[PDB]
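Quick notes on the structure that follows.
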Amino acid sequence: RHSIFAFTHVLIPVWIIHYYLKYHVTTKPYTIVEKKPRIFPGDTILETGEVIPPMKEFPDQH
Amino acid sequence: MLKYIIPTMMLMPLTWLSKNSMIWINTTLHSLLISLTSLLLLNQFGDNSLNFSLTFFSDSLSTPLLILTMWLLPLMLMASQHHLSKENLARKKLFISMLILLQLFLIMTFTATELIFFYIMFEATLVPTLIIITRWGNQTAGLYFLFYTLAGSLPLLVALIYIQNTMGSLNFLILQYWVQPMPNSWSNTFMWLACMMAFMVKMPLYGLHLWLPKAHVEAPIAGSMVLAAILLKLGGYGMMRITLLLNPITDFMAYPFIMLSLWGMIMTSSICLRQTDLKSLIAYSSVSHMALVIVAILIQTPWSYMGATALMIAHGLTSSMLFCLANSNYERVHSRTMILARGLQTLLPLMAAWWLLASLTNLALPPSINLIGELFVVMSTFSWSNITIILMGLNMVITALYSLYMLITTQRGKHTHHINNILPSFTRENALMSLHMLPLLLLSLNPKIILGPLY
Amino acid sequence: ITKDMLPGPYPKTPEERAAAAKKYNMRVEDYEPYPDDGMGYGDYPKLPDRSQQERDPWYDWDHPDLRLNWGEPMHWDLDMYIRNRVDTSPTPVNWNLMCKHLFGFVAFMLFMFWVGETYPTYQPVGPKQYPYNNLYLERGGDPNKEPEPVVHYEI
Amino acid sequence: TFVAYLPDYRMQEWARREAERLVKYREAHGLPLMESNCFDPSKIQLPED
Amino acid sequence: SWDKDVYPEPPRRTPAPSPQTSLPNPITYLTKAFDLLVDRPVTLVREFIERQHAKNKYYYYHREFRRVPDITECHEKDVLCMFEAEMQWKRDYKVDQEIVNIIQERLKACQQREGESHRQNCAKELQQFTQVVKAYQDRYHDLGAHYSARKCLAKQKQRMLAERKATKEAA
Amino acid sequence: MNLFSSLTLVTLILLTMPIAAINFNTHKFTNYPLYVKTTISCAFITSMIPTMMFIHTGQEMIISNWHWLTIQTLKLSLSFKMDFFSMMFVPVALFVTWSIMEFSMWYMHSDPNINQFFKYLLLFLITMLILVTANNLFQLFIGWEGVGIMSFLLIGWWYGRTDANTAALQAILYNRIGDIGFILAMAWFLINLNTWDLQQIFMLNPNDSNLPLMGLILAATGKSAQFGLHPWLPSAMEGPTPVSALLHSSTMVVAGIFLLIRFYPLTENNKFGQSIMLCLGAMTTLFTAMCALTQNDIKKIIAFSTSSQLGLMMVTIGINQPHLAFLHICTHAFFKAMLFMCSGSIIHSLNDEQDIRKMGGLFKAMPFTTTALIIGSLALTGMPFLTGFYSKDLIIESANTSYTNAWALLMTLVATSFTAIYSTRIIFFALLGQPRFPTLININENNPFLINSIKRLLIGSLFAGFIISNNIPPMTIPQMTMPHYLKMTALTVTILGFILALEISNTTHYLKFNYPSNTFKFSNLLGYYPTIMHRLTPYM
Amino acid sequence: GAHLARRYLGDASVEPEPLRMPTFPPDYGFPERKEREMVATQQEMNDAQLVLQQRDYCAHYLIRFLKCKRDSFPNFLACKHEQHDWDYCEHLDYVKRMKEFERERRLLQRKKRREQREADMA
Amino acid sequence: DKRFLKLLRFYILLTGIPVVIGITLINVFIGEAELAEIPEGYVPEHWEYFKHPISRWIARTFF
Ligand SMILES: CCCCCCCCCCCCCCCCCC(=O)OC[C@H](COP(=O)([O-])OCC(O)COP(=O)([O-])OC[C@@H](COC(=O)CCCCCCCCCCCCCCCCC)OC(=O)CCCCCCCCCCCCCCCCC)OC(=O)CCCCCCCCCCCCCCCCC
Ligand SMILES: CCCCCCCCCCCCCCCCCC(=O)OC[C@H](COP(=O)([O-])OC[C@H](O)COP(=O)([O-])OC[C@H](COC(=O)CCCCCCCCCCCCCCCCC)OC(=O)CCCCCCCCCCCCCCCCC)OC(=O)CCCCCCCCCCCCCCCCC
Ligand SMILES: CCCCCCCCCCCCCCCCCC(=O)OC[C@H](COP(=O)([O-])OCC[N+](C)(C)C)OC(=O)CCCCCCCCCCCCCCCCC
Ligand SMILES: CCCCCCCCCCCCCCCCCC(=O)OC[C@H](COP(=O)([O-])OCC[N+](C)(C)C)OC(=O)CCCCCCCCCCCCCCCCC
Ligand SMILES: CCCCCCCCCCCCCCCCCC(=O)OC[C@H](COP(=O)(O)OCCN)OC(=O)CCCCCCCCCCCCCCCCC
Ligand SMILES: *C(=O)CCCCCCCCCCCCC
């Protein structure tokens, strides 16, 4: 009863809200729509496995 | 609907056979049982109404009106038992019997399948209401009844008998399928006014509205609750049933009356900024809110009917709570003067919190169903014309102001020095406020049951 | 309370005026009613149309929030001349000069906004030039068609 | 509690799920998502001129 | 779960994190703390409750409405057949409403998921949305609050007369 | 995915939990304001993790978690939008609110209704985070009307006073005149785009969008106290000082600016809306900062200060630079809440004295308040590399270098000089000079609540502009090539305002009595605008 | 800011309008003028989600700066050189826009001298 | 007023806590049904067309 505030107001609401979002909200279509991550030349895709080919050598300015 | 009419009539031996101290408790208990029973009316479908018999049917328009009607009776019995504690016991049972008979007329007014049975029940509701207002009212011509029945009820009677002889039936279910287009003529024009003007007066319409800020003042609390909560909505229910037959003449005959409402909700609202009587302020607010129901019925779009039935249910709840708050002050200072008793949050904090909630739902604070009805009516009238939004929005300025001015005049400021009979809030009064407000707040969590036949 | 203290019709005879001034609890010579045209004021006094801000703020009032005494005939718009609402108090600047200054400042500022909108300020540069046919596919161009080539040049 | 568990009040949920059938039916057979005509224009006689 | 045919999505391709700097970010440590402290107890509770579901398996069904004759092949003022046509048209009207809602869900999800390139990448969803809203507007708009199968058929006949006159004056 | 949206909703549910605590009570609380201050501290710490994983990638999402109502084509879902605007406004609002409530444990310590005060202040915070996390116009209207109603309830906090209820009803009237335009905008989007959701509004991309943008500009004119509808914000200093510090500086009054920033893809395709916003914002930032030059009530001066900064925000929305306007919000919040907090410390030390003509000698009498108010005034004027440098000067750098109304630019520069004028007016009459207050000096600022509450916003006013301005991704291209008289414009005109107003301040020690002309009587009577329209329009 | 007075208080016939320019051909005065070379591929910035204001002829430095700003977390000050590269390339693009404006000013002065010599000759 | 609020909390929770615990026990133990296609020749009852068990009991018993 010294960190009861971090338990009853954080951890139990994180448990309840993550349960509600995982097993009732994401089970429904288009409720949590996440924007796709920004792809750069030089990335390695975790899903496909293909490394994005980089950009051209620059027309140097300095 | 026979499972609701028979307990309503068994409330007559339940109120006359009871003991001398038991005729409030028994009637309140069993009327709350009937009000809990009333939720079986929500067996509604997206295509077909809940058609019980040849006489009775209940779609999603009549269902919230029925639930509000059967909920209003225990609240009127809680409201009216204080000031009748000095009344004779037999006249006390007469008052409760008039309320039960009025409920009996209303619950089969809203479920009348056939239109002339609707008319007979509709004009039968006026007799217990007039008995209650004239007998258990406080103060002292009568020309309002005559002007009502000339421009109203008997033109509606001749109109419905004419529809009976032309179409062959006044069943609303048959008239859904045998409706004919009503062309431009003078016969159809006076036919349209004969069908509409009785409900126009019963809303009330602006210019025909002056009967109401006197009938609310000359009433007891139960009379004011049943007037502003249900009896003003008989006009809206009758209009939503009768505008089926009245097409497409309404598409050019709704033009005058909409003006009378679109300016009327500007005028009466501003009249609410210049009132000295609290109960008349609630009365003119009721006129200003029913003006939008008139507009939304006359423009006859789906969003307008959804907003109008939401506004009818929300306004029944809100106006009944405001009249019960005015009752709670009238039973302490014995005067309806709004500027007399001030600063009452310093004395009655929970009652001032109920005043705050009632004024917030009066000015349509979202996500209340007041704002849902108000907002959908404003959307449909913006679709009607893009100028009316100004006349809507100016209204939604003034509807804030007198909602909070009434909150500032009575509940704020320095308390009145020469008034020392301000008792603490009785448990009955706060129970009455909470049974008005908690259904009104809970309907914000699921509003689709109060959005009519075409949600 | 009874009948002969409530407001009645407009007075005609001066003894009715004196009885009404005794009724409204005021002097007979300061008793002046509203003009008889049929607006429905009756025998009600024309109070001098000053608000409750100009009433004595230090005085021991019966109603200190309204600054008013018992039995004194209230103004017809006593609900309107409250200290939450329209005042009658004097300002150190006259009303007409305030109207002139406010209207002139608003009109002159909006006219100068119109003049500056007619005459914009800008930078000594050209337009921002964009690749791929001035961003045809990025601005929502359909891929079945081909636009005119928007080709920019080095400088 | 009773209003919270009304059995598909005025069949909206059904109408979502039924919609989830029909779009799925007309992504497979190449039919457009909704016709401009509600009924079949073959079974409508027109007033001639 | 749902059907990925009626709710289409492009494949979510995330890149593997390549930290250029040496500093350990708090996001991965809070992710693993979330996976230990939060994700596993919620998962075990859901496993126990899902076992308790599967100990009594029972099914509900989607109600199937067979086609009845429409308002066109109903005789005039015959309520026993035009009632069935009206309920048919009302159920189809509500299902068409929910189809338009599904296409709105697709359009909003495409716009958010594409982010800034939404005007480029969601031209197909915008075109399907324009098709289904044009169809809904030709099918049900301006029927009013007392809409019926008769009013919809009268609107369709007036639209067909306008289209027939437009095609005939073109030839 | 599982962490971001979870902590997003945990912040909001954590803010709603003390409302259930104050409503489910029987006993007398063991310092419920300490409970709400600890709760908002924890909600700030909770909301910082989605901010960090937005700084890392740029991960935006939408939580459409509760399907609420389907009106035949309108699926009103409880829909939250976590983009750049939510991720950068929610932790700033929580940090400012946590500082305001630890200030409020001291300023409102003798109140027997302190529980109702913190309940109303937390209800305001809940409604504002409804307002800035909203994805449809209905939920945004809920948050909008919620901050309007909590504005009413927190202006009329001492409800026995007639002027407090007067200012509350005035604030309601001007915000409902804004609500006319907002409901006009909702009506236009429902009838022409069939939506209130922001995604479909941005996707359908309307061209004839003059009417909905005029509705949104009228909503912002009501809410952000722009010209025509400003006077409720000078009236709104009647309430408590944490009310005017939290709500009417940093959290409520930016909501119309936040509404026009939220609708930047529609305003960037309309030159007419940009021109109307530019003209109205230049008008506001001239007029309100000019009316600040002649006041003596310190809360009136800082109210005209924050309204002038809102007019500057309206200008930099009108030049089609929305992210600079939003950075000016997130910058302005720290030091303007701190300036109201230091003014309230001066008020409470001098026994409820708000008039700067009875102040002075507070350089060494209130040294921590002196230090923090000087840092706040410098960050107001655009001192280099304080927090107010990292947006406001950049605004000028894009207000010069664009196809712009020139008179609006010139009024923006005149307003920039006027800010320095009333800032050194505040420093001269309040902290400088000699004591003019009464004789029993009860001056004290030794409470750890007050020290820590001003201290955290002072760390904010020193570092947060740098930290936030370096943590954003670039959503625009910064104009960084300009001539040297045009790069050095805002700093030079600010210093000219400093020097001219030091001349104005050194005129006061001369023993010469001058009659005030029409300029001082014009500005001192609030540009004559609250005099006529509060007497003539309710009369008719 | 001299061009404001030269377009408003002087004559307007020789100062180029901001809205409709260049009013001249691209090679009117340019023999073998090369086209601008684009460095960033269109799909590489379609996958970089860049603002359409930022999808100009120099967004490749911006792509490098955003890859830096993502990768160097939490050290938010470890991408100053990529920022200065992108700002220097924006500076060069602004200088090219100034060259466009000055080319238009000198061609309008050329047209003024041309029409004055044609009027004084014929 | 506080006596009213104590009575209000008590009389709401007096059947709210059994209803919340009962719905919790139904959602843990008995639980939500699963969507399926109709068997070849099987006729479902009307209360077997609904997903939640309390909705099934309402459609069977009352409706
Ligand atoms: C709580 C008691 C409080 C006091 C009691 C009195 C309460 C008041 C009186 C009420 C009387 C009844 C009134 C009518 C309501 C009836 C119920 C109802 O209709 O509920 C509706 C709705 C539907 O319920 P349902 O129909 O039963 O569910 C259908 C499914 O088929 C069901 O799906 P399922 O079967 O799959 O789910 C089963 C579910 C059970 O289902 C339920 O419980 C739902 C039914 C009860 C709902 C009661 C609702 C009452 C009101 C709640 C809200 C207000 C509360 C007060 C205010 C709070 C602060 C604001 O099981 C669980 O939830 C168990 C998991 C628990 C997770 C937490 C712990 C995990 C880790 C544990 C670690 C330790 C062990 C590890 C090892 C284990 C090894 C074995 O229920 C809810 O919404 C529940 C409330 C919470 C939802 C999430 C809340 C967070 C959302 C956040 C974002 C949105 C808000 C944004 C705000 C922004 C700022 C403004
Ligand atoms: C189906 C299951 C549902 C479960 C969840 C329940 C849903 C909500 C139900 C209603 C909740 C409020 C009820 C209490 C307020 C009225 C009485 C009062 O003053 O009590 C104060 C008292 C504590 O104060 P006190 O110091 O002891 O005495 C008062 C003082 O003397 C002096 O008083 P004061 O001035 O200091 O305090 C008054 C203060 C004054 O504050 C205000 O007036 C400010 C409020 C307006 C601005 C802020 C909100 C703006 C809108 C945003 C929120 C809604 C959407 C949020 C979602 C995200 C965005 C979409 O208001 C409050 O504290 C009330 C907070 C909740 C307000 C709800 C909305 C009212 C605003 C007007 C209508 C708005 C549209 C409808 C929204 C409906 C949402 C469900 O509280 C209690 O004793 C509570 C007793 C238990 C109440 C049970 C309520 C449920 C009854 C239903 C039974 C059947 C279902 C089972 C559910 C059981 C749940 C436990
Ligand atoms: C009806 C017409 C006549 C009107 C008067 C009637 C009087 C008679 C009264 C009869 C009983 C009551 C009838 C109406 C009941 C309405 C309630 C209801 O059933 O709802 C169903 C709704 C159903 O919503 P739903 O549509 O999502 O339901 C999902 C469907 N099931 C359950 C089957 C899976 O219930 C809820 O929404 C409950 C949700 C949980 C409880 C509420 C949580 C939030 C509360 C606020 C949290 C804090 C937020 C911040 C606020 C801060 C302070 C401002
Ligand atoms: C604090 C106590 C909480 C409960 C603690 C004890 C229980 C254990 C902890 C876990 C929680 C319970 C299990 C998970 C929850 C149930 C999951 C489920 O099936 O939910 C069914 C549904 C989900 O919605 P749905 O889409 O499935 O059903 C809606 C019904 N139809 C589709 C017909 C419309 O309900 C909920 O989840 C309700 C949650 C509401 C939360 C927010 C309330 C805000 C109230 C605002 C009112 C006004 C809004 C106006 C504006 C709206 C936007 C425009
Ligand atoms: C993008 C476009 C932008 C356009 C901007 C310009 C358009 C708006 C023009 C101005 C409109 C608002 C100003 C006029 C009305 C102001 C009323 C008001 O605020 O009154 C305040 C007054 C008390 O204030 P005060 O006296 O200053 O307080 C000192 C303390 N004793 O309080 C009172 O006296 C109380 C009064 C109560 C009764 C009021 C009755 C009249 C109500 C008028 C509603 C106006 C509706 C406008 C609708 C517009 C539709 C488009
Ligand atoms: C050419 O001079 C046009 C520049 C833009 C319009 C004039 C701006 C004048 C104010 C900026 C410089 C101020 C220096 C103290």
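Each chain of the structure tokens is named A, B, ... in the order shown, its residues numbered from 1; ligands are numbered from 1 in display order.
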
Quick one: residues within 6 Å of ligand 5, with only C-alpha atoms and all ligand atoms, as a ChimeraX atom specification?
/B:390,394 /C:83-86 /F:163,166,170,177,214,217-218,228-229,530,533-534,537-538

Skip residue 276 in chain F itself and residues of its chain fewer than 2 positions away, then list as a VMD selection string all residues within 10 Å of it, counting only C-alpha atoms.
(chain C and resid 113) or (chain F and resid 213 to 214 217 271 to 274 278 to 282 314 to 315 318)

Near-ligand residues for ligand 3, threshold 9 Å, only C-alpha atoms and all ligand atoms, as number ranges by chain
B: 35-36, 38-39, 63-72, 313-314, 316-317, 435-436, 438-450; D: 1-8; F: 12-13, 15-17, 19-20, 66-69, 123, 126-127, 146; H: 51-52, 54-55

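For the residues B:353, B:372, B:222, B:340, ranking by smallest atom-to-atom distance to chain H using only C-alpha atoms places B:353 first.
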
Residues of chain F that have any atom at most 9 Å from an atom of chain E: could you tabulate them with the shortest-distance atom pair and the distance in Å to one decimal, using only C-alpha atoms, ordered by chain and increasing number, as a Markdown table?
| residue | atom | partner | partner_atom | distance |
| --- | --- | --- | --- | --- |
| F:2 | CA | E:39 | CA | 8.7 |
| F:3 | CA | E:31 | CA | 7.0 |
| F:49 | CA | E:27 | CA | 7.6 |
| F:52 | CA | E:27 | CA | 7.5 |
| F:53 | CA | E:27 | CA | 6.6 |
| F:56 | CA | E:27 | CA | 8.8 |
| F:60 | CA | E:112 | CA | 8.4 |
| F:61 | CA | E:112 | CA | 7.5 |
| F:62 | CA | E:112 | CA | 8.0 |
| F:70 | CA | E:101 | CA | 9.0 |
| F:72 | CA | E:97 | CA | 5.8 |
| F:73 | CA | E:101 | CA | 5.9 |
| F:74 | CA | E:101 | CA | 7.3 |
| F:75 | CA | E:101 | CA | 7.0 |
| F:197 | CA | E:108 | CA | 8.2 |
| F:198 | CA | E:108 | CA | 8.5 |
| F:199 | CA | E:108 | CA | 5.2 |
| F:200 | CA | E:108 | CA | 5.6 |
| F:202 | CA | E:111 | CA | 8.2 |
| F:203 | CA | E:111 | CA | 6.4 |
| F:204 | CA | E:126 | CA | 7.8 |
| F:205 | CA | E:119 | CA | 9.0 |
